[PDB]
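The chain that follows stands alone, in the form solved without this ligand, written as structure tokens.
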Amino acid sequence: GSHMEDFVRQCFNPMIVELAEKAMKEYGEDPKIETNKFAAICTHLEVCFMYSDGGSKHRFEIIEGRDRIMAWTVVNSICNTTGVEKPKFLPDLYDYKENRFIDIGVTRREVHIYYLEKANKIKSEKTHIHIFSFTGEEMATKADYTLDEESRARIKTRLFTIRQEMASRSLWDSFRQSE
């Protein structure tokens, strides 16, 4: 029974916590042992939902947060109706305005490096990438950041708050060093 586990449960809403637990169980991991991962998944989930909330109504299809089978079903529906190429890995959102898949990343390290490591790993030229860090930096494909500055600013504010809460509990160093 770790401090990080109870921190995560008292910091994130129950809907995110439950989706994160399901994700980890589907992968096969355990929230009680792999607790920095539990925190990372919750964080990613929240950011992806804050981000979809940044557009106009119906701008984004939300892929993140669904069961893997249903996630791919929706990806295939989008592909088969917009003629866009099918990605090799599951993205997080689809942008109906710009007609592209997006993969949002959240890193405790250098944005630059996480971006690159994401580009290669994706192996899907068409998928747009947008990285945020816990220090307030962001990096987007072709410097096209999708949302307006205010919607991104609130994401960054939220990440820095998570960082502080963790640091006040002496959990940050461990979370930072475990990426």
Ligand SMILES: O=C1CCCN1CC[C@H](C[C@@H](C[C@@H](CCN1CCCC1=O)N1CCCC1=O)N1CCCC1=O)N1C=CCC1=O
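The first residue of the shown sequence is 1; numbering continues from there.
The same protein has a further form, the form deposited with this ligand bound, not shown here; the description that follows concerns it.
In the bound PDB entry, this ligand lies within 4.5 Å of some heavy atom of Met15. Using a 4.5 angstroms limit between non-hydrogen atoms, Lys32 is distant from this ligand in the bound PDB entry. Although the partner is absent here, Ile62 sits close enough that one of its heavy atoms falls within 4.5 Å of this ligand in the bound PDB entry. Remark: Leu19 counts among the residues lining this ligand in the bound PDB entry, judged by a heavy atom distance of 4.5 Å or less. In this stretch, 69-101, not one residue has a heavy atom within 4.5 Å of this ligand in the bound PDB entry; the partner itself is omitted from this view.
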